[PDB]
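Engineer: Starting off with a structure, shown below.
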Amino acid sequence: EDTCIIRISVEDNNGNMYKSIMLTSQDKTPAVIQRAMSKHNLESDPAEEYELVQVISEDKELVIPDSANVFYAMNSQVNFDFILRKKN
């Protein structure tokens with residue numbers, strides 16, 4: 001129970017996949033941002049250098065780090081896929 005695949009690619013490329021581990025069910029903020037970035041070896045922290053966007057469905061998208069698992073707080077929604085890219 002409580003399980004979802006979380007993917008994170010902070011390096012352009014609209015196809016190249018980076019992360020996608022279905023951890024138990026709890027992770028997102030800088031903690032997860034490091035598992036996908038610090039892991040491979042690309043940009044770090046989605047602060048201002050670059051931004052991300054968690055696509056869900058209907059109307060539920062997140063952006064910028066500090067996302068404290070914003071999702072299980074009250075429920076869930078299909079799988080989790082976050083795409084990040086450089087910025088200013």
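Note on naming: chains are A, B, ... as they come in the structure tokens, residues start from 1 per chain, ligands start from 1 in the order shown.
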Just want the 6 Å neighbourhood of segment 48-64 of chain A, counted on only C-alpha atoms, with same-chain residues fewer than 6 positions away dropped. Output as a list in words.
Structural biologist: residues 81, 82, 83, 84, 85, 86, 87 and 88 of chain A
Engineer: Looking at A:8, A:22, A:74, A:68, which one is nearest to residue 39 of chain A, with distances taken over only C-alpha atoms?
Structural biologist: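 Ranked by minimum distance to residue 39 of chain A, first place goes to A:8.
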Engineer: In Å, how far is it from atom CA of residue 38 of chain A to atom CA of residue 1 of chain A?
Structural biologist: 28.3 Å
Engineer: Identify which of the residues A:65, A:6, A:19, A:11 lies closest to residue 36 of chain A, counting only C-alpha atoms when measuring atom-to-atom distances.
Structural biologist: A:19
Engineer: Within 12 Å of residue 31 of chain A, counting only C-alpha atoms, which residues show up once you throw out same-chain ones fewer than 3 positions away? Write them as a PyMOL selection string, please.
Structural biologist: chain A and resi 26-28+34-39+44-46+65-69
Engineer: Give me a file of those residues, with C-alpha atoms, as a tab-separated table (two decimals), in the first residue's frame.
Structural biologist:
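Produced file part_10.tsv, reproduced below:
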```tsv
chain	number	residue	atom	x	y	z
A	26	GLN	CA	7.20	9.77	1.29
A	27	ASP	CA	9.85	12.02	-0.31
A	28	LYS	CA	10.02	15.24	-2.37
A	34	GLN	CA	19.23	15.34	-4.29
A	35	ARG	CA	18.41	11.67	-4.99
A	36	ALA	CA	17.80	12.53	-8.67
A	37	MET	CA	20.43	15.27	-9.05
A	38	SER	CA	23.28	14.59	-6.59
A	39	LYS	CA	22.86	10.98	-7.75
A	44	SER	CA	21.38	20.98	-7.70
A	45	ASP	CA	18.34	22.39	-5.81
A	46	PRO	CA	15.50	23.74	-7.95
A	65	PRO	CA	11.72	22.81	-4.24
A	66	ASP	CA	10.54	22.84	-0.61
A	67	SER	CA	7.61	20.71	-1.71
A	68	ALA	CA	6.99	18.78	1.51
A	69	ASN	CA	5.44	15.69	-0.13
```
Engineer: What's the separation between atom CA of residue 4 of chain A and atom CA of residue 79 of chain A, in Å to one decimal place?
Structural biologist: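 Computing the Euclidean distance for atom CA of residue 4 of chain A and atom CA of residue 79 of chain A yields 5.6 Å.
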Engineer: Can you list every residue in segment 7-60 of chain A that DSSP puts in helix (DSSP H, G or I), as a list in words?
Structural biologist: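 So the helix (DSSP H, G or I) residues in segment 7-60 of chain A would be residues 30, 31, 32, 33, 34, 35 and 36 of chain A.
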